[PDB]
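Each remark here refers to the structure printed beneath this line.
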Amino acid sequence: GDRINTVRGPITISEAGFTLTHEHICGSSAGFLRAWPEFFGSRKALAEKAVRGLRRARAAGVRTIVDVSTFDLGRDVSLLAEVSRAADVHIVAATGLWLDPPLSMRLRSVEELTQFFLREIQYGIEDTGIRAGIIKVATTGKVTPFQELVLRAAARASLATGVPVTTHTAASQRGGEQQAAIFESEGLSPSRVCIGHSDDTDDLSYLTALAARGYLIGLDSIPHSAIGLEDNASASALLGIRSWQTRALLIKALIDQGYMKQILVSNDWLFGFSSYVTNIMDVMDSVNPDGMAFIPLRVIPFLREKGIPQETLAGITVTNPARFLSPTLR
Amino acid sequence: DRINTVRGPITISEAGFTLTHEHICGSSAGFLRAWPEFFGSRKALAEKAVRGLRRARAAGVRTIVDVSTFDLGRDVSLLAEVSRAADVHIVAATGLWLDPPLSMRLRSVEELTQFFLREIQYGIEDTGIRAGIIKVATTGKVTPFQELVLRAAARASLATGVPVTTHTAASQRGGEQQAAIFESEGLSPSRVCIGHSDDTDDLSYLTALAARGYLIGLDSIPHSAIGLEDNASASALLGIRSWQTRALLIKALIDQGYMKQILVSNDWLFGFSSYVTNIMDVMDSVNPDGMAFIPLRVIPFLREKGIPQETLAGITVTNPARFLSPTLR
Ligand SMILES: C[As](C)(=O)[O-]
Ligand SMILES: C[As](C)(=O)[O-]
Ligand SMILES: [Zn+2]
Ligand SMILES: [Zn+2]
Ligand SMILES: [Zn+2]
Ligand SMILES: [Zn+2]
């Protein structure tokens, strides 16, 4: 129906407002924030940095973010709840698995993984009672056997609960096509799926064909760019060397092709990032001081100046996330 | 003179009969708290561990060293709970095993050193419980990241006096590469136990390590898949040699004059999610004695082979005390 799970409890979807559909409070690893908080200075410092950042995003018009950190990205839902409340910004938590499953996950069957995802959606995450409102999955270009289990478990959990699925792709590898085939083999509707990191490629043929099938297209890393940082290999590898404008122009491109309803936009920002090289967070913040406010402050005016009507931009940042997040079918 | 446990410091005289390589639960970081139903429930797992420790205690055991690291899903709050209920001392570990997540795998030796030091000097998580041992693991030749872990472990040991204990593939003589790295760092072999050393019959490999002053961890004695050789996963994990065959290594090293260098354990667990489903049931049917296997089966087996009480007490009480007591000499 029209209620979704947030880390402060259930809300009606009209309350979500401007929603960033792919963000992170902290990109980490299972257990890591609690075992080694000084990696982030302190847990308090991290929380305060996130509260400041979310408050700025709120001032810029953001009302909800979707934290697509899974278990193996070190999702700490107690932290998400703390910062959501202090910033007074809705946060939707995720279940699923990303690219770093530990052995206790890697060795599980599709049936076992289905029950883990269902636990996090239907019962709660850890002992917090906080329930996930979305399932996040990730694959390499060519889907591994384990990753295929994860996608099937995600599809089964979605069909059982109605909560949507969102993905990490290598867009230069057209990763969404293999994901989509697996999802549809499970009877999952494309309208319950966002193919993410789709702004990492300029292949409009790939993008429009997925959109034509009813998939949501995640243009979710707009401010990611290492232009000017070419001498930094780790930052280049992570952020790419296409401009944020180049990424943003894909939003216009899909609108022009008639697929405004299939677009979801985000920053894929974080306030801490331990699952990459040390100090990457400082590099990212030096490139994009706006953080999660980058979409409303820079991208929206960029799009309006290009001639895209207000109603279309509002449709993308409010209506599309609302349809996507509302639990649908069963 | 003082050893840190999950209930606080104890004097070496308090440690008594100590099992130096054990696990309450072999898991993954965050896993027990994210999916306790994998083990039935957290309560079920705790209760199994308390009964298990009480059985070990009734067989004479007074302390175990839980060598579960961060990435083996060590939950020291669980360790504290079961230690208290069973009245058995538990020494917690820092270090890294074979499943480091990205947030660990991407770290420098300097960063890893600070993490190991934090868990020894400050406490684990926000519990104030301090590690009393550093556990490391290698495969084969030693990977570049594993080398960083071993060096970080040596540096944390050298700063604190806390000993290092290892996981090897003994069939690949893996202790040799570990020893080389430790010695390059200035670490005394008397601070190092080369573990899973009972997984080979190469006595020349073992005695040579002992002769250099390493402790030899004969720590997986009941691990055997005899009869289960058509169970591939059990066979790869548990091996095809009998427990008597493993146990005879203890006698062999004593007869070579190295009783002071021997540490014995079960390497048991009460839950095990970082392997195939139902492995705990397979393991429990193979060794229904659990952590009581060493005192109930191995000690009488050695006594019947003519090893005197004084020697067995030196191995199970004196050697662990000397090893665990923090020392920079
Ligand atoms: C945590 As990411 C760089 O896959 O959005
Ligand atoms: C957790 As193990 C089988 O390396 O002792
Ligand atoms: Zn991603
Ligand atoms: Zn992301
Ligand atoms: Zn081991
Ligand atoms: Zn072990």
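If you're wondering about the labels, chains in the structure tokens are A, B, ... by order shown, residues count from 1 in each chain, ligands from 1 in order shown.
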
As a ChimeraX atom specification, please: the residues near range 278-293 of chain A (cut-off 9 Å, only C-alpha atoms, same-chain neighbours under 5 positions excluded). /A:20,23,53-54,56-62,223-226,234-235,239,266-273,298 /B:106-108

Taking N, CA and C atoms for each residue, export the selection above as a tab-separated table (two decimals), in the first residue's frame.
chain	number	residue	atom	x	y	z
A	20	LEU	N	16.25	11.43	-2.42
A	20	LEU	CA	17.49	10.95	-3.03
A	20	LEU	C	17.53	9.45	-2.86
A	23	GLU	N	22.00	6.87	-1.60
A	23	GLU	CA	22.95	7.59	-0.75
A	23	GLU	C	23.51	6.66	0.33
A	53	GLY	N	25.56	17.48	7.21
A	53	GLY	CA	25.35	17.26	5.79
A	53	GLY	C	23.89	17.08	5.43
A	54	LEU	N	23.17	16.30	6.23
A	54	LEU	CA	21.75	16.08	5.98
A	54	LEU	C	20.95	17.34	6.22
A	56	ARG	N	21.97	20.33	5.66
A	56	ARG	CA	22.18	21.19	4.50
A	56	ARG	C	21.34	20.70	3.33
A	57	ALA	N	21.28	19.39	3.17
A	57	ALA	CA	20.47	18.80	2.12
A	57	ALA	C	19.02	19.17	2.33
A	58	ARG	N	18.58	19.13	3.58
A	58	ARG	CA	17.23	19.53	3.94
A	58	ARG	C	16.97	21.00	3.61
A	59	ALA	N	17.94	21.86	3.91
A	59	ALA	CA	17.77	23.29	3.63
A	59	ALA	C	17.61	23.54	2.14
A	60	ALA	N	18.19	22.64	1.35
A	60	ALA	CA	18.16	22.72	-0.10
A	60	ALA	C	16.92	22.05	-0.66
A	61	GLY	N	16.13	21.43	0.21
A	61	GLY	CA	14.85	20.87	-0.21
A	61	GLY	C	14.68	19.36	-0.09
A	62	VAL	N	15.76	18.64	0.21
A	62	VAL	CA	15.67	17.19	0.36
A	62	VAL	C	14.85	16.84	1.60
A	223	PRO	N	27.67	13.85	-8.98
A	223	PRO	CA	28.86	14.67	-8.69
A	223	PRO	C	30.20	13.92	-8.68
A	224	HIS	N	30.19	12.62	-9.01
A	224	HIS	CA	31.42	11.83	-9.00
A	224	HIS	C	32.30	12.18	-10.19
A	225	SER	N	33.46	12.78	-9.92
A	225	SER	CA	34.40	13.08	-11.00
A	225	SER	C	35.82	13.35	-10.50
A	226	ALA	N	36.79	12.74	-11.17
A	226	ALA	CA	38.18	12.97	-10.83
A	226	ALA	C	38.88	13.82	-11.89
A	234	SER	N	43.57	5.97	-7.59
A	234	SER	CA	42.48	5.41	-6.80
A	234	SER	C	41.22	6.27	-6.93
A	235	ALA	N	41.38	7.59	-6.95
A	235	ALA	CA	40.23	8.48	-7.10
A	235	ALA	C	39.68	8.41	-8.52
A	239	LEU	N	35.83	7.41	-9.24
A	239	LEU	CA	34.94	8.50	-9.62
A	239	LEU	C	34.79	8.66	-11.14
A	266	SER	N	20.37	10.75	-7.95
A	266	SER	CA	21.00	10.84	-6.61
A	266	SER	C	22.47	11.25	-6.70
A	267	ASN	N	23.13	11.38	-5.55
A	267	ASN	CA	24.53	11.81	-5.48
A	267	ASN	C	25.48	10.65	-5.21
A	268	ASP	N	24.94	9.57	-4.65
A	268	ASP	CA	25.73	8.46	-4.10
A	268	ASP	C	26.83	9.02	-3.23
A	269	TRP	N	26.45	9.93	-2.34
A	269	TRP	CA	27.41	10.51	-1.42
A	269	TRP	C	27.50	9.69	-0.13
A	270	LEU	N	28.47	10.04	0.72
A	270	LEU	CA	28.67	9.38	2.02
A	270	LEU	C	29.29	10.39	2.95
A	271	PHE	N	29.30	10.10	4.25
A	271	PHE	CA	30.00	10.97	5.20
A	271	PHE	C	31.23	10.27	5.77
A	272	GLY	N	31.31	8.97	5.50
A	272	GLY	CA	32.50	8.19	5.82
A	272	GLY	C	32.61	7.08	4.81
A	273	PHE	N	33.83	6.60	4.56
A	273	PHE	CA	34.02	5.60	3.52
A	273	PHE	C	35.25	4.76	3.84
A	298	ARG	N	22.86	22.21	-7.61
A	298	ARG	CA	23.62	22.34	-8.85
A	298	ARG	C	22.94	21.68	-10.05
B	106	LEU	N	42.14	-3.17	2.78
B	106	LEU	CA	42.72	-2.01	2.10
B	106	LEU	C	43.62	-1.20	3.02
B	107	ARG	N	43.80	-1.66	4.25
B	107	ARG	CA	44.57	-0.90	5.23
B	107	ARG	C	46.07	-1.16	5.12
B	108	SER	N	46.86	-0.17	5.54
B	108	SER	CA	48.32	-0.30	5.63
B	108	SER	C	48.73	-1.07	6.88

If we count only C-alpha atoms, what is near range 315-318 of chain B at a cut-off of 7 Å, once residues fewer than 2 positions away on the same chain are taken out, given as a ChimeraX atom specification? /B:16-18,259-260,262-263,311-313,320-322

Produce a file of the selected residues containing N, CA and C atoms, as a short mmCIF file (atom, residue, chain, number, x, y, z; two decimals), in the first residue's frame.
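New file out-v2.cif:
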data_model
loop_
_atom_site.label_atom_id
_atom_site.label_comp_id
_atom_site.auth_asym_id
_atom_site.auth_seq_id
_atom_site.Cartn_x
_atom_site.Cartn_y
_atom_site.Cartn_z
N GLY B 16 45.16 -21.75 35.36
CA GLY B 16 45.05 -23.20 35.45
C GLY B 16 45.15 -23.90 34.10
N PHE B 17 44.51 -25.06 34.02
CA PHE B 17 44.42 -25.85 32.80
C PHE B 17 43.82 -24.97 31.72
N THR B 18 44.61 -24.64 30.70
CA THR B 18 44.17 -23.69 29.67
C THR B 18 44.18 -24.33 28.28
N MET B 259 58.98 -30.61 25.24
CA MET B 259 57.71 -30.49 25.95
C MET B 259 57.38 -29.04 26.28
N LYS B 260 58.41 -28.23 26.54
CA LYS B 260 58.20 -26.83 26.89
C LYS B 260 57.59 -26.04 25.74
N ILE B 262 55.20 -27.14 23.59
CA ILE B 262 53.94 -27.70 23.11
C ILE B 262 52.72 -27.00 23.71
N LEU B 263 51.76 -26.64 22.85
CA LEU B 263 50.43 -26.22 23.31
C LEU B 263 49.38 -27.10 22.65
N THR B 311 54.57 -34.00 33.26
CA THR B 311 54.73 -33.53 31.88
C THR B 311 53.41 -33.03 31.31
N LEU B 312 52.34 -33.77 31.55
CA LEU B 312 51.03 -33.34 31.08
C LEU B 312 50.59 -32.04 31.75
N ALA B 313 50.96 -31.84 33.01
CA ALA B 313 50.59 -30.61 33.68
C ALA B 313 51.43 -29.45 33.19
N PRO B 320 50.89 -22.80 28.80
CA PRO B 320 49.97 -21.70 28.47
C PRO B 320 50.17 -20.45 29.32
N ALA B 321 50.48 -20.63 30.59
CA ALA B 321 50.74 -19.51 31.48
C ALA B 321 51.95 -18.69 31.01
N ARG B 322 53.03 -19.37 30.64
CA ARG B 322 54.25 -18.70 30.20
C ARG B 322 54.00 -17.95 28.90
#

Residues of chain A that have any atom at most 12 Å from an atom of ligand 3: could you tabulate them with the shortest-distance atom pair and the distance in Å to one decimal, using only C-alpha atoms and all ligand atoms, ordered by chain and increasing number, as JSON lines?
{"residue": "A:22", "atom": "CA", "partner": "ligand 3", "partner_atom_place_in_ligand_line": "1 (Zn)", "distance": 8.8}
{"residue": "A:23", "atom": "CA", "partner": "ligand 3", "partner_atom_place_in_ligand_line": "1 (Zn)", "distance": 9.6}
{"residue": "A:24", "atom": "CA", "partner": "ligand 3", "partner_atom_place_in_ligand_line": "1 (Zn)", "distance": 10.2}
{"residue": "A:27", "atom": "CA", "partner": "ligand 3", "partner_atom_place_in_ligand_line": "1 (Zn)", "distance": 10.0}
{"residue": "A:67", "atom": "CA", "partner": "ligand 3", "partner_atom_place_in_ligand_line": "1 (Zn)", "distance": 11.5}
{"residue": "A:68", "atom": "CA", "partner": "ligand 3", "partner_atom_place_in_ligand_line": "1 (Zn)", "distance": 8.7}
{"residue": "A:69", "atom": "CA", "partner": "ligand 3", "partner_atom_place_in_ligand_line": "1 (Zn)", "distance": 9.2}
{"residue": "A:70", "atom": "CA", "partner": "ligand 3", "partner_atom_place_in_ligand_line": "1 (Zn)", "distance": 10.7}
{"residue": "A:73", "atom": "CA", "partner": "ligand 3", "partner_atom_place_in_ligand_line": "1 (Zn)", "distance": 10.0}
{"residue": "A:97", "atom": "CA", "partner": "ligand 3", "partner_atom_place_in_ligand_line": "1 (Zn)", "distance": 11.0}
{"residue": "A:98", "atom": "CA", "partner": "ligand 3", "partner_atom_place_in_ligand_line": "1 (Zn)", "distance": 7.7}
{"residue": "A:99", "atom": "CA", "partner": "ligand 3", "partner_atom_place_in_ligand_line": "1 (Zn)", "distance": 8.5}
{"residue": "A:100", "atom": "CA", "partner": "ligand 3", "partner_atom_place_in_ligand_line": "1 (Zn)", "distance": 11.3}
{"residue": "A:136", "atom": "CA", "partner": "ligand 3", "partner_atom_place_in_ligand_line": "1 (Zn)", "distance": 9.3}
{"residue": "A:137", "atom": "CA", "partner": "ligand 3", "partner_atom_place_in_ligand_line": "1 (Zn)", "distance": 8.8}
{"residue": "A:138", "atom": "CA", "partner": "ligand 3", "partner_atom_place_in_ligand_line": "1 (Zn)", "distance": 6.9}
{"residue": "A:139", "atom": "CA", "partner": "ligand 3", "partner_atom_place_in_ligand_line": "1 (Zn)", "distance": 9.1}
{"residue": "A:140", "atom": "CA", "partner": "ligand 3", "partner_atom_place_in_ligand_line": "1 (Zn)", "distance": 10.3}
{"residue": "A:166", "atom": "CA", "partner": "ligand 3", "partner_atom_place_in_ligand_line": "1 (Zn)", "distance": 9.9}
{"residue": "A:167", "atom": "CA", "partner": "ligand 3", "partner_atom_place_in_ligand_line": "1 (Zn)", "distance": 7.5}
{"residue": "A:168", "atom": "CA", "partner": "ligand 3", "partner_atom_place_in_ligand_line": "1 (Zn)", "distance": 4.4}
{"residue": "A:169", "atom": "CA", "partner": "ligand 3", "partner_atom_place_in_ligand_line": "1 (Zn)", "distance": 6.8}
{"residue": "A:170", "atom": "CA", "partner": "ligand 3", "partner_atom_place_in_ligand_line": "1 (Zn)", "distance": 8.6}
{"residue": "A:171", "atom": "CA", "partner": "ligand 3", "partner_atom_place_in_ligand_line": "1 (Zn)", "distance": 10.6}
{"residue": "A:175", "atom": "CA", "partner": "ligand 3", "partner_atom_place_in_ligand_line": "1 (Zn)", "distance": 12.0}
{"residue": "A:195", "atom": "CA", "partner": "ligand 3", "partner_atom_place_in_ligand_line": "1 (Zn)", "distance": 10.5}
{"residue": "A:196", "atom": "CA", "partner": "ligand 3", "partner_atom_place_in_ligand_line": "1 (Zn)", "distance": 7.4}
{"residue": "A:197", "atom": "CA", "partner": "ligand 3", "partner_atom_place_in_ligand_line": "1 (Zn)", "distance": 6.6}
{"residue": "A:198", "atom": "CA", "partner": "ligand 3", "partner_atom_place_in_ligand_line": "1 (Zn)", "distance": 10.2}
{"residue": "A:199", "atom": "CA", "partner": "ligand 3", "partner_atom_place_in_ligand_line": "1 (Zn)", "distance": 11.6}
{"residue": "A:200", "atom": "CA", "partner": "ligand 3", "partner_atom_place_in_ligand_line": "1 (Zn)", "distance": 10.7}
{"residue": "A:218", "atom": "CA", "partner": "ligand 3", "partner_atom_place_in_ligand_line": "1 (Zn)", "distance": 10.7}
{"residue": "A:219", "atom": "CA", "partner": "ligand 3", "partner_atom_place_in_ligand_line": "1 (Zn)", "distance": 11.6}
{"residue": "A:220", "atom": "CA", "partner": "ligand 3", "partner_atom_place_in_ligand_line": "1 (Zn)", "distance": 9.3}
{"residue": "A:221", "atom": "CA", "partner": "ligand 3", "partner_atom_place_in_ligand_line": "1 (Zn)", "distance": 9.1}
{"residue": "A:224", "atom": "CA", "partner": "ligand 3", "partner_atom_place_in_ligand_line": "1 (Zn)", "distance": 12.0}
{"residue": "A:238", "atom": "CA", "partner": "ligand 3", "partner_atom_place_in_ligand_line": "1 (Zn)", "distance": 10.1}
{"residue": "A:239", "atom": "CA", "partner": "ligand 3", "partner_atom_place_in_ligand_line": "1 (Zn)", "distance": 11.2}
{"residue": "A:266", "atom": "CA", "partner": "ligand 3", "partner_atom_place_in_ligand_line": "1 (Zn)", "distance": 11.9}
{"residue": "A:267", "atom": "CA", "partner": "ligand 3", "partner_atom_place_in_ligand_line": "1 (Zn)", "distance": 11.3}
{"residue": "A:268", "atom": "CA", "partner": "ligand 3", "partner_atom_place_in_ligand_line": "1 (Zn)", "distance": 8.0}
{"residue": "A:269", "atom": "CA", "partner": "ligand 3", "partner_atom_place_in_ligand_line": "1 (Zn)", "distance": 10.6}
{"residue": "A:270", "atom": "CA", "partner": "ligand 3", "partner_atom_place_in_ligand_line": "1 (Zn)", "distance": 11.7}
{"residue": "A:275", "atom": "CA", "partner": "ligand 3", "partner_atom_place_in_ligand_line": "1 (Zn)", "distance": 11.6}

Now that the selection is made, can you save its residues with N, CA and C atoms as a compact mmCIF listing (two decimals), in the first residue's frame?
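Produced file part22.txt, reproduced below:
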# COMPACT_ATOMS: atom_id res chain seq x y z
N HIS A 22 19.65 7.01 -3.82
CA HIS A 22 20.88 6.21 -3.64
C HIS A 22 21.92 7.04 -2.92
N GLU A 23 22.00 6.87 -1.60
CA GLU A 23 22.95 7.59 -0.75
C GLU A 23 23.51 6.66 0.33
N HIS A 24 24.47 7.16 1.11
CA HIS A 24 25.07 6.42 2.23
C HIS A 24 25.37 7.36 3.36
N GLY A 27 29.87 4.37 4.15
CA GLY A 27 30.25 3.18 3.40
C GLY A 27 31.36 2.46 4.14
N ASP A 67 19.25 5.12 2.12
CA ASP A 67 20.60 4.65 2.42
C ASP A 67 20.71 3.21 1.92
N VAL A 68 21.42 3.03 0.82
CA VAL A 68 21.47 1.71 0.19
C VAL A 68 22.70 0.96 0.66
N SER A 69 23.12 1.25 1.88
CA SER A 69 24.17 0.44 2.53
C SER A 69 23.57 -0.87 3.01
N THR A 70 24.13 -1.97 2.56
CA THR A 70 23.72 -3.29 3.04
C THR A 70 24.51 -3.70 4.29
N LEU A 73 28.13 -3.62 3.50
CA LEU A 73 28.65 -2.25 3.45
C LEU A 73 28.66 -1.62 4.84
N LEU A 97 22.65 -7.70 -0.40
CA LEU A 97 24.10 -7.78 -0.28
C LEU A 97 24.80 -7.02 -1.39
N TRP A 98 25.91 -6.39 -1.02
CA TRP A 98 26.76 -5.64 -1.95
C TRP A 98 27.93 -6.54 -2.37
N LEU A 99 29.11 -5.97 -2.64
CA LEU A 99 30.19 -6.71 -3.30
C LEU A 99 31.15 -7.40 -2.35
N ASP A 100 30.91 -7.24 -1.05
CA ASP A 100 31.87 -7.76 -0.06
C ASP A 100 31.25 -8.71 0.97
N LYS A 136 19.03 -3.93 -1.70
CA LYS A 136 20.13 -3.53 -2.54
C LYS A 136 20.99 -4.70 -2.94
N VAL A 137 21.25 -4.83 -4.24
CA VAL A 137 22.11 -5.90 -4.74
C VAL A 137 23.18 -5.32 -5.65
N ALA A 138 24.25 -6.08 -5.84
CA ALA A 138 25.38 -5.62 -6.62
C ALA A 138 25.96 -6.78 -7.39
N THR A 139 26.34 -6.52 -8.63
CA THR A 139 27.05 -7.53 -9.40
C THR A 139 28.24 -6.92 -10.08
N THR A 140 29.18 -7.79 -10.42
CA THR A 140 30.24 -7.46 -11.34
C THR A 140 29.63 -7.52 -12.72
N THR A 166 17.08 -2.42 -5.75
CA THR A 166 17.94 -1.44 -6.40
C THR A 166 19.33 -2.05 -6.59
N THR A 167 19.99 -1.76 -7.71
CA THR A 167 21.25 -2.45 -8.00
C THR A 167 22.47 -1.57 -8.19
N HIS A 168 23.63 -2.17 -7.94
CA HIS A 168 24.93 -1.63 -8.31
C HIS A 168 25.35 -2.32 -9.58
N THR A 169 25.68 -1.53 -10.61
CA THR A 169 26.23 -2.07 -11.86
C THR A 169 27.60 -1.50 -12.22
N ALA A 170 28.31 -2.23 -13.07
CA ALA A 170 29.35 -1.67 -13.94
C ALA A 170 28.70 -1.28 -15.26
N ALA A 171 28.35 0.00 -15.40
CA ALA A 171 27.56 0.42 -16.56
C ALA A 171 28.36 0.30 -17.85
N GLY A 175 26.03 -3.87 -17.28
CA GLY A 175 25.65 -4.85 -16.26
C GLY A 175 24.16 -5.06 -16.03
N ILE A 195 17.96 -0.09 -11.85
CA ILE A 195 19.31 -0.42 -12.31
C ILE A 195 20.24 0.77 -12.05
N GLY A 196 21.09 0.66 -11.02
CA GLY A 196 21.83 1.81 -10.54
C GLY A 196 23.20 2.00 -11.15
N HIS A 197 23.82 3.13 -10.81
CA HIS A 197 25.08 3.59 -11.41
C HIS A 197 24.99 3.63 -12.93
N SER A 198 23.80 3.93 -13.45
CA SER A 198 23.58 3.94 -14.88
C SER A 198 24.13 5.22 -15.51
N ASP A 199 24.49 6.20 -14.69
CA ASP A 199 25.10 7.40 -15.24
C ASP A 199 26.60 7.23 -15.48
N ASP A 200 27.12 6.02 -15.27
CA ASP A 200 28.54 5.76 -15.50
C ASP A 200 28.86 5.51 -16.97
N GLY A 218 18.83 4.38 -12.55
CA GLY A 218 19.47 5.12 -11.48
C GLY A 218 20.63 5.97 -11.96
N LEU A 219 20.36 7.26 -12.18
CA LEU A 219 21.42 8.19 -12.55
C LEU A 219 21.87 8.82 -11.24
N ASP A 220 22.70 8.08 -10.51
CA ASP A 220 22.77 8.25 -9.06
C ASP A 220 24.13 8.69 -8.50
N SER A 221 25.07 9.00 -9.38
CA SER A 221 26.39 9.43 -8.96
C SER A 221 26.83 10.73 -9.63
N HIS A 224 30.19 12.62 -9.01
CA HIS A 224 31.42 11.83 -9.00
C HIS A 224 32.30 12.18 -10.19
N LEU A 238 37.65 5.21 -8.90
CA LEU A 238 36.36 5.26 -8.22
C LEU A 238 35.37 6.22 -8.88
N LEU A 239 35.83 7.41 -9.24
CA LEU A 239 34.94 8.50 -9.62
C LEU A 239 34.79 8.66 -11.14
N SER A 266 20.37 10.75 -7.95
CA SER A 266 21.00 10.84 -6.61
C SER A 266 22.47 11.25 -6.70
N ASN A 267 23.13 11.38 -5.55
CA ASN A 267 24.53 11.81 -5.48
C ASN A 267 25.48 10.65 -5.21
N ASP A 268 24.94 9.57 -4.65
CA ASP A 268 25.73 8.46 -4.10
C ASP A 268 26.83 9.02 -3.23
N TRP A 269 26.45 9.93 -2.34
CA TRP A 269 27.41 10.51 -1.42
C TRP A 269 27.50 9.69 -0.13
N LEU A 270 28.47 10.04 0.72
CA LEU A 270 28.67 9.38 2.02
C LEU A 270 29.29 10.39 2.95
N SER A 275 35.55 1.40 3.21
CA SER A 275 35.72 0.31 2.25
C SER A 275 36.33 0.82 0.94

Just checking: using only C-alpha atoms and all ligand atoms, which residue out of B:45, B:216, B:169, B:269 ends up closest to ligand 5?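 Comparing B:45, B:216, B:169, B:269 against ligand 5, the winner is B:169.
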
Using only C-alpha atoms, select each residue of chain B with any atom at most 8 Å away from an atom of chain A, and give the selection as a ChimeraX atom specification. /B:27-31,33-35,70,99-104,106-107,115,124-126,273-277

Could those selected residues go to a file with C-alpha atoms, as a tab-separated table (two decimals), in the first residue's frame?
chain	number	residue	atom	x	y	z
B	27	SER	CA	31.30	-16.60	12.33
B	28	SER	CA	31.77	-13.32	10.41
B	29	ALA	CA	31.87	-9.70	11.56
B	30	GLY	CA	28.36	-8.43	12.32
B	31	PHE	CA	26.76	-11.79	11.48
B	33	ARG	CA	23.85	-9.79	15.56
B	34	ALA	CA	22.34	-9.50	12.06
B	35	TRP	CA	21.11	-13.11	11.76
B	70	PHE	CA	37.06	-9.49	14.19
B	99	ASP	CA	38.11	-13.32	5.78
B	100	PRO	CA	38.99	-9.63	6.17
B	101	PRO	CA	36.36	-7.32	4.69
B	102	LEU	CA	37.42	-4.47	2.37
B	103	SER	CA	37.67	-2.00	5.24
B	104	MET	CA	40.43	-4.22	6.62
B	106	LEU	CA	42.72	-2.01	2.10
B	107	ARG	CA	44.57	-0.90	5.23
B	115	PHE	CA	43.64	-1.49	15.23
B	124	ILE	CA	37.15	-4.28	21.97
B	125	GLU	CA	34.30	-2.22	20.53
B	126	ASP	CA	32.80	-0.21	23.40
B	273	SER	CA	28.48	-20.03	10.21
B	274	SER	CA	31.65	-19.35	8.17
B	275	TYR	CA	31.40	-22.78	6.54
B	276	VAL	CA	28.70	-24.97	4.98
B	277	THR	CA	25.28	-25.23	6.62

Report, in Å to a single decimal, how far apart CA of residue 323 in chain A and CA of residue 184 in chain A are. 19.7 Å

Just want the residues within 12 Å of ligand 5, written as a ChimeraX atom specification, counting only C-alpha atoms and all ligand atoms. /B:21-23,26,66-69,72,96-99,135-139,165-170,194-199,217-220,223,237-238,265-269,274

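All residues in range 64-263 of chain A with a DSSP state of strand (DSSP E), computed from the backbone, read residues 64, 65, 66, 67, 90, 91, 92, 94, 95, 96, 97, 134, 135, 136, 137, 138, 165, 166, 167, 168, 193, 194, 195, 216, 217, 218, 219 and 263 of chain A.
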
Could you tell me which of A:187, A:258, A:214, A:327 comes closest to residue 12 in chain A if we count only C-alpha atoms?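 Of all the options, A:327 lies closest to residue 12 in chain A.
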
Excluding residue 326 in chain A and residues on its chain fewer than 6 positions from it, collect all residues at most 7 Å away from it, counting only C-alpha atoms, and give them as a count of residues only. 5

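From CA of residue 144 in chain B back to CA of residue 177 in chain B, the distance works out to 12.2 Å.
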
Return as an MDAnalysis selection string the full set of residues in range 154-288 of chain A whose backbone-based DSSP assignment is alpha helix (DSSP H). chainID A and resid 154:161 176:185 204:212 233:239 244:256 280:287

All residues 12 Å or closer to residue 48 in chain B, only C-alpha atoms, same chain fewer than 3 positions away omitted, as a list in words: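 Everything that qualifies: residues 24, 25, 39, 40, 41, 42, 43, 44, 45, 51, 52, 53, 54, 55, 78, 82, 85, 86, 269, 270, 271, 280, 284 and 290 of chain B.
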
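Taking only C-alpha atoms and all ligand atoms into account, ligand 4 lies nearest to A:222 out of the set A:222, A:86, A:7, A:212.
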
For ligand 2, which residue out of B:222, B:36, B:189, B:161 is the nearest one, using only C-alpha atoms and all ligand atoms?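 The closest residue to ligand 2 is B:222.
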
Name the residues in contact with residue 190 in chain A at a cut-off of 12 Å, using only C-alpha atoms, excluding same-chain residues fewer than 4 positions from it; report them as a VMD selection string. chain A and resid 155 158 to 159 164 to 166 176 to 177 179 to 186 194 to 195 210 to 217 262 324 328

Contacts of range 299-305 of chain B at 12 Å or less, counting only C-alpha atoms, minus same-chain residues fewer than 3 places along, as a ChimeraX atom specification? /B:17,59-60,221,243-252,254-255,264-265,292-296,308-313,315-316

Taking only C-alpha atoms into account, which of B:186, B:13, B:323, B:112 comes nearest residue 164 in chain B?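 Between B:186, B:13, B:323, B:112, the residue approaching residue 164 in chain B most closely is B:323.
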
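Excluding residue 51 in chain A itself and any same-chain residue fewer than 2 positions from it, the protein and nucleic acid residues within 8 Å of it, counting only C-alpha atoms, are residues 47, 48, 49, 53, 54, 55, 83, 84, 86 and 87 of chain A.
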